[PDB]
Amino acid sequence: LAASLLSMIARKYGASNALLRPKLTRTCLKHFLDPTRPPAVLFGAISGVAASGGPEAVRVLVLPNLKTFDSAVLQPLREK
Amino acid sequence: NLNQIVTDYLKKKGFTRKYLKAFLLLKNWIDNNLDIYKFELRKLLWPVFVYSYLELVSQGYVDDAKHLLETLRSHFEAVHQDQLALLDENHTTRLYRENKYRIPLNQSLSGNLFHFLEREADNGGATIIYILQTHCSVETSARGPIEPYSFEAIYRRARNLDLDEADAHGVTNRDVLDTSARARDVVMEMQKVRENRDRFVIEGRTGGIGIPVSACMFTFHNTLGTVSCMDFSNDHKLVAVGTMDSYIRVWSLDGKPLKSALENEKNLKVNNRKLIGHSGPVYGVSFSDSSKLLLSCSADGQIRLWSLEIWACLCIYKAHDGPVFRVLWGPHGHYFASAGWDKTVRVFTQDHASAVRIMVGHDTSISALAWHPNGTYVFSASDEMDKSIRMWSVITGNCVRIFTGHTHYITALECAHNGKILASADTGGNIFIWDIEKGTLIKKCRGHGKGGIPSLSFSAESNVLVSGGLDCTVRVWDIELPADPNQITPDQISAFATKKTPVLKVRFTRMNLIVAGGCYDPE
Amino acid sequence: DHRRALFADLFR
């Protein structure tokens, strides 16, 4: 629900405030690229990236590193 | 004494002592909420439309049903192809009528939907409420929203659970929640919602100060003093200024290119255009009720109707003798009125080339105009010896009120939105507030410098007034001061200043925000 | 360590 609310806020008031979208997407991306976080934090970070950045930011940022992220987090978690 | 004369005169005269509207509204409300809710919310479109079309067919207005089917087919041509072709009696209709539609929903979503529908009861929500109560039955649930990747769906798919009564009863949630991947109390719930809602109203005002407002200023450079008027479109997307060189210029307030319906001008890149054809200074402009029409009047004695789709003139009205100083559309955009040099007001309709009503009674030139918000009364004011306001009746063309008390040139007029207040300003900086029904001056504001007040505006709820003057100031007034808890009048909330830029126009948007406009002169 | 540096460079 918070992710949806943030997405709507960013889509609405992103022009009056110039740096809102870059800041939100950058923070979410920085937090996402950290295996030390638990699954909940990573889920929240990916959701925030998708909500704020938009389809283009997702496609151009998350896809290249998915192969590494898989072996990094999913496989260790898949064995649980 | 005036009372004695009036009494004598009065004694001498023997005076004894349908469904498509609701569908579109619901769609426009559905695409507003969050994407989470939309997945479930969309489920209500098909049953309501189907039942409405079936009722219209059964009611005997087959033409309306055909119009609805042809209109909305494009919105379901990729879902209900077979059903839509069938709708082009069989057992399908009997089965549909016998069994009321089943639609799962969440509790909070149901509460929000009921609140929204109650808010717009008279605007079309009654039809939807009746349809849902009669031909539909919704099974409320305490689960979370149903989405392809929400917690509920993920849990159901992972843990290999079993469907529920609502899930059991052509898109079905089984295809998604299956491995292959309650009821309602309408009517009574509406009474409960109304009772709960009525508890949260504000019924007073004491202590405190006035409301705070913002303001955005649009400035025009390099005019060289050849601008005579200004206007904003009703949605604040275009601005037009009439110059002393007999032409009009239309801009786009966001800078995006303007568009023309002529094929020869396909995707041309310009953000400001010109309208040529007047042969004298232009004194008035009025955007229509987006806007597709525009009016203008000049000193040669002509009124022109332009087009904002092809950018060319369409008609000319030649009912005046001398200059025309003001022009105004009606509150809804079919009637317009114009007044000028020959001390007469006229009311036109765009369907006719001649004035439909002529209104005599003034003794000097006219200098202001206004329309009543219900579009059946007109205000006007004159200058020089006869500085009086009048209120005409569009049906009969006879005056019904006169307001006196001004001692200077009257520059602007404005009628409240509620319809029971009138505000006027003159070149002495005075603003008057009149009670229309009783014809009595309520109060006078003060503070503006000498020179004039070209424009006025009222808040959405008719509790705040904003005026821009030629002394380079913008001021906000409080019509009714707060009740006490036990050169300038004490009801001036704010007063901004501009950097040598007289203000020619002020508008009140939906929010507590306004837009201004002026011409910058370095000297 | 080895993972932290790699992920930091990836974020950069």
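Residues numbered from 1 in each chain as written, not as in the entry; some residues may be left out. Chains lettered and ligands numbered in written order. Part of a larger assembly, values for the part shown. Heavy atoms only, no water.

Moving on, we get to a nonpolar patch on the surface. On the surface, a cluster of nonpolar side chains totalling about 420 Å² of accessible area is made up of B:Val6, B:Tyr9, B:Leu10 and B:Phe15. Looking at where B:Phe15 falls in the secondary structure, it is placed in the loop between α1 (2-12) and α2 (19-30). (Patch = residues over 30% accessible without salt bridge, like charges linked within 9 Å, V, L, I, M, F, W, Y side chains within 5 Å. Areas by Shrake-Rupley, 256 points an atom, 1.4 Å probe, with all protein chains shown as cover. Salt bridge = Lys/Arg side-chain N within 4 Å of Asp/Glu carboxyl O. Helix = DSSP H or I, 4+ residues; strand = E, 2+ residues; numbered from the N terminus.)

An α-helical turn contains 3.6 residues, so a residue and the one three or four places further along point in the same direction. All names here are of chain A. Relative to the 21 Å expected for 15 residues at 1.5 Å per residue, helix α3 (residues 39-53) spans 21 Å between its end C-alpha atoms, a close match to the ideal helical length. Residues of α3 that are buried: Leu42, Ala45, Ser47, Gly48, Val49, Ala51 and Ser52. Structurally, α3 contributes buried residues whose contacts are with α1 (2-12), α2 (20-32), α4 (55-61) and α5 (66-78). One or two residues past the end of α3 sits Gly54, with phi positive at roughly 100 degrees. (Expected span 1.5 Å × (residues − 1). Buried < 20%, exposed > 50% of the residue type's maximum accessible area, 1.4 Å probe, protein only. Contact = heavy atoms within 4.5 Å.)

A word on the packing of helix α8 (residues 107-119) of chain B against helix α9 (residues 121-135) of chain B. All names here are of chain B. Remark: α8 packs on α9, axes separated minimally by 7 Å, with the N-to-C direction vectors making an angle of 130 degrees. By the angle between their directions, the pair α8 and α9 is classed as oblique. Contact with α8, carried on its side by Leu117, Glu118 and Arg119, involves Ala121, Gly125, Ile128 and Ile129 of α9 and no other residues of that element. (Axes fitted to C-alpha atoms, helices over the stretch in contact; angles between N-to-C directions. Parallel < 35°, antiparallel > 145°, perpendicular 65-115°, else oblique.)

Moving on to the UniProt feature "repeat: WD" (unreviewed entry) in chain B. Residues and elements named next belong to chain B. Residues annotated in UniProt with the feature "repeat: WD" (unreviewed entry) correspond here to residues 220-254, 317-358, 359-402, 403-444 and 453-480. For residues 317-358, the end-to-end C-alpha separation is 15 Å, with 0% helix and 48% strand making up the annotated structure. In residues 359-402, helix accounts for 0% and strand for 50%; the two terminal C-alpha atoms are 14 Å from one another. (UniProt positions renumbered as here; feature names shortened; annotations may be inferred.)

Attention shifts here to the sheet that holds strand β5 (residues 238-242) of chain B. Residue and element names in this part refer to chain B. Ordered in space as β4-β5-β6-β7, the 4 strands form an open sheet in which the pairing is antiparallel. Every other strand in the sheet has two partners, leaving β4 (231-232) and β7 (272-275) as the edge strands with one partner each. Here strand β6 (residues 248-252) pairs with β7 via 4 bridges, running antiparallel. Its bridge partner being in β7, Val250 is matched across the sheet by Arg273. (Pairing = 2+ DSSP bridges.)

Quick look at the interface of chain C and chain A now. With 5 residues of chain C at the interface, the matching set in chain A holds 9 residues. Taking both sides of the interface into account, the surface hidden between chain C and chain A amounts to around 740 Å²; carbon and sulfur atoms contribute 77%. Taken as a group, C:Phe7, C:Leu10 and C:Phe11 account for 72% of the area that chain C buries against chain A, more than any other trio of residues on that side. Applying the counting criterion to the chain C and chain A interface returns 0 salt bridges. The tally of links between chain C and chain A comes to 1 residue pair in polar contact. Broken down by class, the residue content of the side of chain C that touches chain A amounts to 4 nonpolar, no polar and 1 charged. (Buried area = accessible area lost by both parts, 1.4 Å probe. Polar contact = N/O pair within 3.5 Å; in protein donor to acceptor, adjacent residues only side chain to side chain. Nonpolar A, V, L, I, M, F, W, Y, C, P; charged D, E, K, R; others polar.)

This part covers the state of the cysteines. Residues and elements named next belong to chain B. All told, the structure shown has 0 disulfides over all chains when counted by the stated rule. Looking at the unpaired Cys315, the closest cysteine sulfur is the one in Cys313, lying at 7.5 Å. Given the relative accessible area of 31%, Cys315 is considered partly exposed. (Disulfide = S-S within 2.5 Å.)

All names here are of chain B. Taken in spatial order, the 4 strands of this open sheet run β24-β25-β26-β27, and their pairing is antiparallel. Looking at the sheet topology across the chains shown, the edges are occupied by β24 (455-458) and β27 (492-497). Looking at each pair of strands side by side, their axes are set apart by 15 degrees on average, direction ignored. When strand β25 (residues 464-469) meets strand β26 (residues 473-478), the two strands line up antiparallel, connected through 6 bridges. Opposite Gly468, over in β26, you have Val474 as the bridge partner.

In this section: unusual backbone geometry. All names here are of chain B. Phi is positive for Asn160, close to 60 degrees, though the residue is something other than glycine. Its location among the elements puts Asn160 in the loop between α10 (151-159) and α11 (165-168). On the basis of relative accessible area, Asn160 is assigned to the exposed category, the value being 57%. The residue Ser462 is not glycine, and still its phi comes out positive at about 70 degrees. If you trace the backbone, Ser462 turns up in the loop between β24 and β25. Taking relative accessible area as the criterion, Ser462 reaches 10% and is therefore assigned buried.

All names here are of chain B. For the structure on display, the rule yields 17 aromatic pairs over all chains. Between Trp46 and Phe76, the ring centres sit 5.5 Å apart and the planes meet at 75 degrees, which makes this aromatic pair edge-to-face. With a gap of 30 residues between them, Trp46 in helix α4 (residues 45-59) and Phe76 in helix α5 (residues 62-76) connect regions that are remote in the sequence. Note on accessibility: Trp46 and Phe76 belong to one class, buried. Aromatic ring contacts, followed pair by pair, group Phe23, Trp46, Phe49 and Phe76 into a single cluster. (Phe/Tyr/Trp six-rings, centres within 6.5 Å; stacked < 30°, edge-to-face > 60°.)

Our focus in this paragraph is the pattern of salt bridges. Under the definition given, this model contains 16 salt bridges over all chains. A:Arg37 is paired through a salt bridge with A:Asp34; the nearest N and O atoms lie 2.6 Å apart. Between B:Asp164 and B:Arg143 there is a salt bridge, with the nearest N and O atoms lying 3.7 Å from each other. Here B:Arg143 lies in the loop between β2 (136-141) and α10 and B:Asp164 lies in the loop between α10 and α11, a separation of 21 residues in the sequence. The class of B:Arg143 is partly exposed, set by a relative accessible area of 23%.

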